[PDB]
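Chains as they are written, first to last, in PDB author numbering: chain A, 1391 to 1502; chain B, 162 to 197, 215 to 305, 322 to 341, 383 to 1021; chain C, 1002 to 1057; chain D, 294 to 337, 346 to 399, 404 to 438; chain E, 198 to 320; chain F, 835 to 946. Even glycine gets a Cβ: it sits at the ideal position worked out from N, Cα and C. Each remark here refers to the structure printed beneath this line.
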RNA sequence: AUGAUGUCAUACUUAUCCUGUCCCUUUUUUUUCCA
């Protein structure tokens, strides 16, 4: 619908129409806008082709069913890490178990 | 005066010209030989009806084409307005529906054709820019889940008319020039000096006695603009009484009183009628523009000014150039127009700066982020710098995300694709800012409304031609006071502007030179030397210049022309020299075209010339499609050199039927291609006069390379073990990276350019035989030197 | 194109080799070619036709 | 069988062709009717002067077109159509407006042409897609 | 079929028959001629490449040579009258048309090598 | 064709994503991919030559991937022909899908 | 019984190199019988 209206009222679809639904959808709507849409409008049969790679490479793919450039990126587990820390106790409870205090590093934000 | 010696010569010029053309047609009627029962007759009368019928088929459908077009061409400007009656009304219904019926009863047949070749056909063994909308319905198909007012116009025109800086200055300026034949009229842009003035003249009747009023411009597109504008004012059709004549496009009629043109166009009108006796007035606009054609017209028209006092000299320009203007022109009075719409706050940096391109970047950054609404204009030097700029700007856009607003970076220069030129002309999408990165192409003749900020890093890339080396180098150059003032003046045209100079008041007021060197000094003049010796003024020294070239420059010109064979050993005109001089193209090229006569490679040498006319923009080389681009280029790469490369490229384009999508597929600038085609076609229209027989080399590129030599023998280098070095001066050159021979690196080299960019360079190069050099120029090239 | 048909069909008929045993493929298909997706799905189209019939 | 099938394909093809051909011509005859009655329905205070303007304009147009083709073989094809394709020209000529486009804060927020799944590799650390803090 | 399987010659001949039929029906479509393609009189030559100074009298002179003329009609640019540099010329006999043709093709008169072909006019 | 060949070669490098100790033969295949990435027209010339004249190919090696419950054959083809087939793969699938060869019930399809 | 001719790869020499290299600003030039 918004694409029709952008043609009819002839506007440009602005960031405000698509920041709400920006990783939603299945392909994903943020694949419309990637860098290489131009040469990926030419990759057809990619799904069969990743199925059949199993007779060509000696290793076994666990994401044979999908493609990140084509299907989008369909899971986001960035909060797993945050809640894992809060459940183990927080960075302080977590580094009472380690050799951190024997390094004499003054604080743990820099650790690298 | 020398004016009278001139017109003496020039009337005899027209006499001998007409008699020459008449002689030649007689020659051709000589060369050309054209000399011219019962059942025989009743046999071929069926065959004469055969041809009558078929030529009549094409002829009848052709006449249908004529009246077909004419119905709508007629209903364009009569019907949709006026209270018109039964007869032509009914016949509009008629011609409407009837050309529909023609298109329809032919679209039927074509439908048959395409539908019946849609089908399946067992194979037989015998030994437009939408790749991003064909990938945007891949996604919407993968993601589907279904189970009077013309008088009012005139009022508005006059109402705006009245508010010019010249409308209240109307009368006294009229009376003033009624006094003085030569009146210098200083006024800045937007005053209307180009538009309102010739109107005033016409309504005051200087066109009476059938006379004309010339307006010259240095730029075609600007002339077309001006002409559209004043024809709209005058309430007539552009082309009949107000007209513009530019190369390849006449827009005049014998109703034309107000005729607009170029400076070379007016010189060429002196190639038609030395007196301009049908013109009462010549108004020369913006003469400050400093072209060779401006600096020739100045002399010629000053002669005419002394010789024709009933004739009128008007020379208007932008800047303080009135001092030398009047002084050369016997100190004509100077009528001052005050014209400057809105103010500019012009700022200087605190200091001098080290990294001025980056400084550009961070400037526009701050401006955009903090400022109120308003569009921005930024200058750079040119292409590579400018895309690097948009690189940086859009990268910081990437990083700063929704923290900022939409920054329409648009580059603009001369060679970039014309769709990409136009893209800047759209009205800005509400709420976003538009920043145009530009070159000094945006000094002049391009009108971008909305620009409220202007940034000058205070530079330019000027050509500099030293003749002692034959070298013209397009190098960096701090830009003049006139430049900075006018680059700034580009602003303000609708509102208060700002002009950020990347340099201080100190450097500005103190080390700023007023004007770019009037062109004739700095440029190479081969064709204008050719021109004034085509007009025959034997003393080329005491001629009435505005600024003479260095005697050095002229000496080089003379040696150039003599060696090439346009000059005798005393410096006058051969038939070679004249025949080449009629060509509006360089003598080297001209010698090559004449060489096609000897080598029977007419067509191929023609198309080559057509290419070198415009080359500088042939192949689009985008960063975002570098490899496919290099590829659609590397396709044509022929053995022999860039010139025959161009030959095949044009050949294949026209082969495709002058297809635009052809060049779009094959990474070629359609602009370059089609203007080059036009220059070749008008070259062919010259070709009868220059007496060239239309011949093919029959695939023998040896003739091609040899005619190339017979033209460009001067433009040659040889292998040295310390690099590629000249044939004559043994100064050291290098090959352009993008040469079709760049890795081939031939022993005996011909070029077409001689520049010294970051290192000495040469362009449009080819591999030659040193033997053709003793074939062609044993008087200039001796054997021992090869 | 009969050229491409012949390339594909002659490329399925190769010598297949393991440590020291060699034989020549003549009957089936090497599924480790890169167009073998295409060949399998085209053949499967023909057998969809034998199962459904042309009308359905 | 391949020869036989080639023949039957071609014969069926030209049969169906000829059928649709004849039908097209019948369509065309109805359009012949359309044209005759078109001019018939046609034939029966600005128009009289706009009408002298009709023949004035059209006839001097034929003058210029004939004279074009006569000075140069098709100087009509060398003037009038070639007037109207080049861009600076059109912009100076004030011709107006001679698809969806949208904001550029949208584009190029991701660059690459390969799936990030590394082609079946596993041992590399690509779980989350944002450095921790 | 058999409007195709006869030759290649008469094949394209039938297609040229067509091209005629379609161009006729087309020209009547856009509406010039009242009656459809009535055969043109064998007794007028259309003579182009002409001079605006050769008139009905002089052309009827030189084409009085081969046959009895019925007229000489240089069509006029109406409101200025300037000769259209072509003409129609009207004979009494087929033989008169032919005899004028076969000597007057591409001849130089008034320094112009005019062209004569028969009239294609249904006008 | 350069879009189709760029897709081919991206697909082929995905095998050696990690850039391990691979071997002689994988080093040589990576060399071929890079040189045909640099000069994309020597490549396409070579390809269309193969496709036009060749009908006797080298020999392929076999081995098995053990999935503990059954085995899978894995075929090893020579890198030159691997490149010509990668290209032919992409080309046939692009054209077949544009001409609509495969009707919609043939289903490892790219849409879901 | 040692000729030059070479599009021959290999061997070899100079405490001979691994640090001596790269993409154009602006723009203009008169024209001719149609058939």
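*Please confirm if residue 1446/A has its CB atom under 8 angstroms from at least one CB of chain C.*
yes
_Less than 8 angstroms between the C-beta atoms of residue 892/F and residue 846/F, yes or no?_
no
*Measure the CB-CB distance between residue 480/B and residue 500/B and report whether it falls below 8 angstroms.*
yes
_CB contact below 8 angstroms: residue 279/B versus chain E_ = yes
_Listed by chain order, chain C residues near residue 909/F by CB distance under 9 angstroms_ = 1017, 1031, 1032, 1033, 1034
*asked:* Residues in the same chain with beta-carbon distance under 7 angstroms from residue 573/B, minus the five sequence neighbours each way, listed in chain order, please.
replied: 400
*asked:* Taking the alpha-carbon of residue 1501/A as reference, which of 421/D, 394/D, 314/D, 437/D has the nearest alpha-carbon?
replied: 437/D
*Select from 760/B, 931/B, 815/B the residue whose C-alpha is nearest the C-alpha of residue 834/B.*
931/B
*Buried or exposed (CB count within 10 angstroms, at least 16 for buried), residue 903/F*: exposed
*Using the beta-carbon count (16 or more within 10 Å), is residue 714/B buried or exposed?*
buried
*Under 6 angstroms Cβ to Cβ from residue 712/B, same chain only, skipping five residues before and after it: list those, please.*
695, 697
*DSSP state of residue 420/B, grouped into three classes?*
strand
_Less than 8 angstroms between the beta carbons of residue 249/B and residue 271/B, yes or no?_
no
*First and last residue of the alpha helix (DSSP H) that includes residue 1397/A?*
1392 to 1398
_Residues bridged to residue 495/B [DSSP beta-bridge criterion]_ = 450/B, 479/B
*Are the CB atoms of residue 542/B and residue 162/B nearer to each other than 8 angstroms?*
yes
*Pick helix, strand or coil for residue 297/B, following the three-state DSSP scheme.*
coil
*Reducing DSSP to helix, strand and coil, say where residue 913/F ends up.*
helix
*Please check if any C-beta of chain E sits within less than 8 angstroms of the C-beta of residue 475/B.*
no
*What is the DSSP secondary structure of residue 525/B, reduced to helix, strand or coil?*
coil
_Separation of residue 241/E from residue 290/E, as counted between CA atoms_ = 9 angstroms
*Which residues in chain C sit within 9 angstroms of residue 1438/A, going by Cβ to Cβ distance?*
1038, 1039, 1041, 1042
*Determine, using beta carbons only, whether residue 677/B and residue 647/B come nearer to each other than 8 angstroms.*
yes
_Contacts of residue 228/E in chain B (Cβ-Cβ under 7 angstroms)_ = 276
*List the residues that DSSP assigns as beta-bridge partners of residue 735/B.*
582/B, 690/B
*By Cβ distance below 6 angstroms, which residues in the same chain neighbour residue 227/E in space, the five residues on each side in sequence not counted?*
none
*Going by DSSP, which residues form a beta bridge with residue 645/B?*
671/B
*Alpha carbon to alpha carbon, what distance is there between residue 1023/C and residue 1009/C?*
21 angstroms
*Closest residue to residue 933/B among 419/B, 464/B, 836/B (Cα-Cα distance)*: 836/B
*Just the Cα atoms here: how many angstroms apart are residue 871/F and residue 407/D?*
33 angstroms
*asked:* Using beta carbons (cut-off 8 angstroms, strictly below), is residue 831/B in contact with chain E?
replied: no
*Name the residues in the region 887 to 900 of chain F whose C-beta lies less than 7 angstroms from a C-beta of chain B; which are they?*
none
*So, does the CB of residue 406/D fall closer than 8 angstroms to a CB anywhere in chain A?*
yes
*Taking the runs of the alpha helix (DSSP H) that are 4 residues or longer, which of them lie wholly in the region 1424 to 1451 of chain A?*
1427 to 1430, 1436 to 1442
*asked:* Please confirm whether residue 498/B has its beta-carbon closer than 8 angstroms to some beta-carbon of chain E.
replied: no
*Under 9 angstroms between beta-carbons, which chain F residues line up against residue 1425/A? List them in chain order, please.*
Near residue 1425/A there are no residues of chain F at all, since even the closest Cβ is about 14 angstroms away, more than 9 angstroms.
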